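Residue numbers (this note's numbering), protein chains in the order written: chain A, 1 to 366; chain B, 1001 to 1366; chain C, 2001 to 2366; chain D, 3001 to 3366; chain E, 4001 to 4366.
The structure under discussion appears below in the form of structure tokens.
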Ligand SMILES: Nc1ncnc2c1ncn2[C@@H]1O[C@H](COP(=O)(O)OP(=O)(O)O)[C@@H](O)[C@H]1O
Ligand SMILES: Nc1ncnc2c1ncn2[C@@H]1O[C@H](COP(=O)(O)OP(=O)(O)O)[C@@H](O)[C@H]1O
Ligand SMILES: Nc1ncnc2c1ncn2[C@@H]1O[C@H](COP(=O)(O)OP(=O)(O)O)[C@@H](O)[C@H]1O
Ligand SMILES: Nc1ncnc2c1ncn2[C@@H]1O[C@H](COP(=O)(O)OP(=O)(O)O)[C@@H](O)[C@H]1O
Ligand SMILES: Nc1ncnc2c1ncn2[C@@H]1O[C@H](COP(=O)(O)OP(=O)(O)O)[C@@H](O)[C@H]1O
Ligand code: BEF
Ligand code: BEF
Ligand code: BEF
Ligand code: BEF
Ligand code: BEF
Ligand SMILES: [Mg+2]
Ligand SMILES: [Mg+2]
Ligand SMILES: [Mg+2]
Ligand SMILES: [Mg+2]
Ligand SMILES: [Mg+2]
């Protein structure tokens, strides 16, 4: 059986091809002690680093889909194979994922590590948005995947990708967390350390939602208090947040909140459709597929429906497809792809890698 | 029973001899993917290529009645026999059509393919304008056939053709479509790709008409807006066109609009009549038969009537015969001819082709 | 004296008729602050917007030769007359330029602004490729003008234009800049904002060249490092690019690199010649005139020479005329035309415009 | 004339707009007797509390730029207006200051007290780092202000602020004083009470300096005794300190000395520049403006110059601007701003406050 | 086997590593005759000085954890090795203890005496609060150790110490004894000499307790006499004390009783927890470990539980761990540490001390 590992900027999703859900889902963090030991491990990975985060400095080795710390990324892969899956890497072909429009050296160095450090028999690097379309059981649609580091649009029609219409935005979940940390100081709550950033991320996942009409929601939160909710910190302190609940996800539709010049995810989706041939736009309008953890905000599908309907012609039928399991769509699609009998010819074996060099990994890639 | 296949520059009309209408009518196009497949057929033909045209490059293998791409033309014949008619070619004699004054190698290579690739028992290549006269139930008349690639005049008197009065013009429907694409840029509408050319062709067939008086119509369209009509694009966008509706078909009467030096179809018809013997001109004036898709514009028979009346003597009775089914006149006439008991001696059998070479196909031909 | 203003998609070229070079050459941009002022002008134009681009959102009011933002285009004309030329518009007749096959409303609204906002005494809108032939001192030749927004071919023979052989391609310098931004992400360089697009444009103008043989050049850049060059960013960072230097201009000859279906500039030039009368093709083959900033790549004349020689008959003499000042050929030709005594009758005066309406501006136009 | 009051965490700087220096500079402390009176005022403020600190418990009402004790903060404002300036608050508009990223209720409650307790005619709360740029006579630069409670970086370019690049660190002078108290116990000196903390603060301001190379300085202080200096306590005891002189200010560059996870002021300045647009970084590198009392250590400008030069590209010109009067830069800039004729429209009058509520005070604020 | 010597300000605890209790526990006093001998030893140490205290002046060589009289401290170490343990110092490695935040010269001079006067083979100076956590069998908790001279809080999480949250208070048992001597004069009991201070210390250890509610206890002692207890002096006189029983230990929670400005041990514990990372506070709240003789008052754990519960959030579980043997926790923990096989590498041998100087003793120290 094959291994399917979706190495996100925020979460590692790993498991075996053929399963319906990832077996191991843990944060993609490496923690190191920042104080002084007197009574000890040198570094902690994943959920272990999360439970000891009070005395650790937490580091993400992947920033915006790009692996920045290769020594820490190797610890995460080692932790995934031996501690989470309890499997031998040299026995299973490994399907990895990557964001589109990544640097070419990122995929080449990832292939060298899988072949020379873990000695996998074969491997393959897929494009994440293509796997998301496999998970939804579709051959046509424009995928909006938004994770912790990358937001990208990839239109696909009848199984053919349109690489020249691919959009990529370096605004995702981690940028929303940093923005929530900033606007929480308006109420006197100060989250500074990397461990406290994990607390704000948990606040974001529990209380934040997307307002259908932002300016109408801002007036409601300013008049009454029915939108305010409480949250208990790990030390028992209770904080209360009001309009911060929908101001944080609003950055997805107004990236100028964090000083970015780019357009929101609704305009980016519409611009990607308008770059496609006029004869496929009707099918793309009816098959907007959302995937990734950042699409899990309550009300984001209704907001995307409203914003794209206002941009598209009135006779087009806009349909946002947001299944409940879309947070793992990339992994689920990779599990379906790695189980296809037609796919078994696309594995890049160790023998082919020794005779073709690193350039063999850049095929069917964009 | 015999097969009747009218392979036009734009449409394939195929069916069985004895029927009243073609069984299979589909565009004579071959489409190939122009992007990149990630999730597939290599090429699509006819209506299948039309429905997937958003991700295809569309190619017409026939240009101006002349087969240019023989590999693609073979795919269209294969698609016609096995996908559209669901018939075995080696069981039916096949009546094919051709425009007059075509290159001799076009008919010879078409005969070699029918005998050696499809192994038809017998075949025959008829002249299209002669079949149009069969469809109208006439033995005398001058036929003006205008399709997608060729416009030609053929006078026939009491069953005798006058080959030396045959006119041929390489201005037809596809040239009007390209001209409509050009003058639509005046309103800011940009159709460039081969898939968008199919959209303009649909605009032409829905909204374009022939003005009875062109300069009087240009003044009306410049003064008011009663001639403007809207059209909804496949993606929901609505375009509005005014004088482009009658400027496009006006090219048939003023070929200088597209830079051609030739005379319009009315002058070409009159010149063909004036090259005929003076004793048959009265019968030709009263039997102007129009056929083909490009004669389907509203008001073209009234315009032809007016233009030829102004050229002919005042005592001649000009009569334009334009039946409602004239878009399939060539096929209907070929269905009548292939069902005649007198015609059964004109079949070129496979045995006669092996003993006489390709030169046997050039009999009763011009 | 007359004003000659070449309003390109990328650069404004303005000056006085009779001069040898434009007096004012500045980018056709309008910048507006995108942050928040605390210590201010509302908008900046041209070189002023270029020097402050770090805190501005830069907007081009002309896209593909078509004016899209008329309020911003009016700011550019105002900046041209009063800040760059320091002249009174109501004292000089103004010769403007336009790309062929533009929407008719573009030229009409441009005439209304010049007569009612700036109150010019007279004006005239010339066709750019015709002016390029004036600059080269020729009466016969096929002009390939490629600027920031439009690439077009216009054949002219003995002073007569052939409008039905005019080609227009919406692929020019700005599309090459966007493609260079895309393929620079392969090396981990991320240019996203409109200000960073100006940096990539500067990279393109300094380092990009046209390879004589593309596939042979790709093998050289993949084997060694002699083609790699460094470039210092405004903040002191040094980037290094290799095959991106010739992959970006290769899009001119292979528009499928950016997903366009059209043919390259060499095939478009050859197709335009083949649409012309056979008796003028020999003179067009020997007078290929290149103009515009996008024809300034090193090696593009040698590549065009090689590609057209491979398409034309072996006995034809292909000659590419590429003078060193061809980046301003449209302006230089407009300066020659506006100084001709024969041209002084073609000025459209304010009095003629009030009595003939906007339709007077569509004369000698295509 | 207007009042300019810079209420710092450590010092109150108050005076009149138009002057060159604050008229009243006193510690922002409230002292209350902690023993028992037998022979009396209930509380002492400022320099009076400083001279009687032996029998007082000293309290700072402002912690890390945030007013914590509003009853004590009201005593300080009352002491400022009536005892230090000898002025009537209801006759002068008052310009107050605040650190960026403060809680919103801090500025709202400060406005309510100025309007309802002191009945000022108008008021305005400025951002401190913006005023520091006014004092230096610049429109572009990144300000590093470090006082007693807050250290913050604010980049400004051509008069436009970049709020999304603003850094704030809760490490300043009071944290260095507490760290000096801790490391003085290594030599057997025990400072515990709030009155003795004022003695350590005086030691810090007299003897502490920033080492150019910390590890090289630690080796010199460990080998000889040329770095040791003596200090006479208020009771005549003489203490001698060696490497504590530069270990205390080193916390600014290594916040891990006091257990903070954040980066030093040099890395924070460089990170703030790298978050800004690439086109403004060159101007920010050349205009590093330092302000506040914590930037008054000898050798801190040379150390900042060295640390940022090691982080920035080698071709950038790093220039630290540290004027001798930078300890009062916020007040001096507020004195310049309150004297501008353009600023007289930004006063928030008492009438506007009664009709717009407390929300009017959050304009041009971050 | 190793020697474990806990040299407190009040008691010497000495024994061998591996044992469960100290073998020698005696007061850390040196007594010298203060009258005139007529019928004799020059000085007495420990229990011998205690039994002859009537004719001696008693001196403590350690004040507030700091060795003040080095000649007398050497007599105590000599008495410990040769009279109490009857052991040869040059045969056993010696584990010594020290309070945190002590002067550096205290530990250096103690190391020089152990190596040059007693010629121990190896030695090590541990931090007392860390040893207290070893004794309780915990890896996480905040230790409140209160002896005769020093009270300090040290939080430890999962074996990692947080030195920047360490509190130290120079208020312990000897200050409570001096306060009891003062308030006993209210009943006419006069204890003045150093020998009578030992009697008051015995009164404190027998009769003093911590009141759960101080003001409610003061009302009970003022209304009735059920809280009064008698104590027989060495000469047969019987004294009776009432509210002095709980007023003396109340100084631990209200240090202002003896004129100290610091906060009580409950506020100091809570402040130390609040300086720690928010993610470890829940574990520190549940693991408050008390050690030392001054934590042996009846009712001090219930009072600490009540005071910290009133400061902490209501959802936190406050748990005070006070084992019955906590008066020797530092020694018991040092006996466990010196018996660990992992610790045998941390011994500072005499050879390492001769080659590294006194600076080797400051490792893993704060
Ligand atoms: N219920 C939720 N609501 C909002 N955001 C969520 C939710 N669950 C997860 N996220 C966000 O999704 C991001 C990561 O999701 P994922 O798609 O796994 O990203 P990646 O694949 O890049 O690691 C995190 O930043 C997290 O904050
Ligand atoms: N209703 C219509 N009005 C105008 N043109 C039409 C109409 N229907 C078909 N056509 C044109 O007729 C042309 C093809 O007709 P046809 O006679 O089948 O040509 P061919 O036989 O050469 O394929 C096409 O170019 C199409 O645009
Ligand atoms: N040396 C050069 N090499 C390549 N491209 C260039 C060079 N100089 C200018 N260009 C390109 O030419 C384009 C604009 O030239 P121009 O002919 O003025 O266009 P327009 O007239 O449409 O404004 C710009 O996109 C610019 O990038
Ligand atoms: N010469 C000096 N050297 C070092 N630190 C100084 C000096 N003078 C003042 N300080 C420190 O500056 C801090 C306060 O300066 P200031 O900028 O007024 O802060 P705030 O505005 O927050 O009150 C105090 O903590 C003080 O210790
Ligand atoms: N039962 C008790 N109740 C109250 N205090 C006690 C009791 N037993 C001992 N003490 C006090 O504990 C102090 C010394 O204990 P210890 O922890 O050994 O201190 P050190 O280690 O500093 O010598 C003495 O001041 C003594 O008065
Ligand atoms: F890396 Be995640 F998918 F943004
Ligand atoms: F080929 Be069609 F009949 F013009
Ligand atoms: F507008 Be440029 F001439 F392409
Ligand atoms: F409050 Be100070 F300016 F740090
Ligand atoms: F010296 Be004791 F432990 F207070
Ligand atoms: Mg992902
Ligand atoms: Mg036909
Ligand atoms: Mg141009
Ligand atoms: Mg300040
Ligand atoms: Mg002790």
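Where is the CB? At the ideal position from N, CA and C, for every residue including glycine.
Buried or exposed by the 16-neighbour rule on C-beta atoms within 10 Å, applied to residue i
| i | result |
| --- | --- |
| residue 1060 of chain B | buried |
| residue 332 of chain A | buried |
Contacts that residue i makes with chain D (C-beta to C-beta distance below 8 Å)
| i | result |
| --- | --- |
| residue 45 of chain A | Per Cβ cutoff of 8 Å: no residues; residue 45 of chain A is ~19 Å from chain D at best. |
Limits of the unbroken beta strand (DSSP E) element including residue i
| i | result |
| --- | --- |
| residue 98 of chain A | 94–98 |
| residue 4155 of chain E | 4151–4157 |
| residue 231 of chain A | 229–232 |
| residue 1271 of chain B | Element bounds for residue 1271 of chain B: not the beta strand (DSSP E) but the alpha helix (DSSP H), 1265–1274. |
Listed by chain order, chain A residues near residue i by CB distance under 8 Å
| i | result |
| --- | --- |
| residue 4316 of chain E | 235 and 236 |
Within chain B, partners of residue i - CB distance below 8 Å
| i | result |
| --- | --- |
| residue 156 of chain A | 1038 and 1039 |
| residue 160 of chain A | 1033, 1035, 1036, 1037, 1038, 1039, 1040 and 1055 |
Alpha helix (DSSP H) segment containing residue i, residue limits
| i | result |
| --- | --- |
| residue 3118 of chain D | Neither: residue 3118 of chain D is in no alpha helix (DSSP H) and is coded neither H nor E. |
| residue 330 of chain A | 329–337 |
| residue 23 of chain A | Note, residue 23 of chain A: premise wrong, no alpha helix (DSSP H); not H, not E. |
| residue 4058 of chain E | Unbroken run through residue 4058 of chain E is the beta strand (DSSP E), 4056–4059; no alpha helix (DSSP H). |
| residue 3125 of chain D | Note, residue 3125 of chain D: premise wrong, no alpha helix (DSSP H); beta strand (DSSP E) at 3122–3127. |
Within chain B, the residues that residue i reaches when beta carbons sit closer than 9 Å
| i | result |
| --- | --- |
| residue 2341 of chain C | Simply none; closest approach about 32 Å. |
Cross-chain neighbours of residue i in chain E, by beta carbon under 9 Å
| i | result |
| --- | --- |
| residue 3258 of chain D | 4164 |
7 Å Cβ cut-off: residues of chain B touching residue i
| i | result |
| --- | --- |
| residue 2104 of chain C | 1186 |
Check whether the stretch 1140–1154 of chain B and the stretch 1266–1275 of chain B touch, using three or more Cβ-Cβ pairs below 8 Å as the test. yes
Is there contact here, the stretch 4354–4364 of chain E with the stretch 4049–4060 of chain E, by at least three beta-carbon pairs under 8 Å? no
Touching by the beta-carbon criterion (3+ pairs, under 8 Å), the stretch 3116–3131 of chain D and the stretch 3086–3094 of chain D: yes
Three or more beta-carbon pairs under 8 Å between the stretch 4329–4348 of chain E and the stretch 4296–4313 of chain E, yes or no? no
Does the contact criterion of 3 or more C-beta pairs under 8 Å hold for the stretch 4126–4143 of chain E versus the stretch 4077–4092 of chain E? no
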